[PDB]
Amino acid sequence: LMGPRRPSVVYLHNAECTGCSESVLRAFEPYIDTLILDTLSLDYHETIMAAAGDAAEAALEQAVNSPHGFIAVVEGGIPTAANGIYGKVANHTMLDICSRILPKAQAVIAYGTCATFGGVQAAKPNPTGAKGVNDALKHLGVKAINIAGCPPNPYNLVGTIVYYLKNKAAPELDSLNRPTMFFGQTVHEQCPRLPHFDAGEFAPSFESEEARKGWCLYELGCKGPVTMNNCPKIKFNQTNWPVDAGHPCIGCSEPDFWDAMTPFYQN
């Protein structure tokens, strides 16, 4: 599915909404066709691969056991309650699958806040016992690079993979294992509304003339001050990001944000 030449990527889907996979399809310069045909060899990916069933499982086995080595990119939290049964693929629990495959990877990237920190299904009361990859697999020595966001900026995935392929090492990582080159600033310190924040100019409601004039969204719940991401700088889809669309940041690149940042419309 891959031998020499392009580095092999094994992409796994655990408890996920596939928004992280969709974010990678939005890759721009390079686009995803360049990535799949020239940069990398995408050797397992349930959303777009041709094989299904037993043939898909054999494709996975061939990739993981390759003497050329592979990189794992993991989307979704791992459900650990009740011995892992809330999530299975090919009748194996996602916990078993990731426990057997991720220790064999040359590098692991946990892509999206669900794979990094547990995400939406880990929000209280966490009925499926969902955990992020490093939490779930601590005991096996797995240390995934965490690229957070819900979904992350795909610029941050491609930039981390390019760095790793060039330097054969992870980039500098923060205390949440996220690359400092993308997650070293708060959203707020990069925000165009920062002068209004400083001036105490807050929109009191979304219908207000202050919201129309682009006043700061802190009183309406914005989590920009407590959230590390590069959204105002890179933007999304080469055109926009939440505060420029008039909506507060909900803190989506931070651990446990579903419970820490809620109610989303309060600060």
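A residue's number is simply how far along the shown sequence it sits, counting from 1.
J.: Name the higher of the two by mean Cα B-factor in the PDB entry, 252-260 versus 5-13.
T.: If you average the C-alpha B-factors of 252-260 and of 5-13, the larger mean comes out for 5-13.
J.: Select between 107-115 and 135-143 the stretch whose C-alpha atoms have the higher average B-factor in the entry.
T.: The deposited B-factors put 135-143 ahead on the C-alpha mean.
J.: Based on what the PDB entry reports, which of 242, 225, 67, 221 has the top C-alpha B-factor?
T.: Of 242, 225, 67, 221, 67 has the highest C-alpha B-factor.
J.: Highest Cα temperature factor in the entry, among the options 234, 217, 49, 59: which one is it?
T.: Top of the list by C-alpha B-factor: 59.
J.: Compared with the other modelled residues in the chain, in which third is the CA B-factor of residue 76?
T.: Tercile = lowest for this residue's CA B-factor.
J.: Would the CA B-factor of residue 91 place it in the lowest, middle or highest third of its chain?
T.: Highest third of the chain for residue 91's C-alpha B-factor.
J.: Where does the C-alpha B-factor of residue 179 rank in its chain, lowest, middle or highest third?
T.: Middle third - that is where residue 179 ends up once the chain's C-alpha B-factors are sorted.
J.: Taking only the Cα B-factors deposited for this chain, tell me whether residue 187 sits in the lowest, middle or highest third.
T.: Ranked within chain, residue 187 CA B lands in the lowest tercile.
J.: Taking only the Cα B-factors deposited for this chain, tell me whether residue 99 sits in the lowest, middle or highest third.
T.: Top third by C-alpha B-factor.
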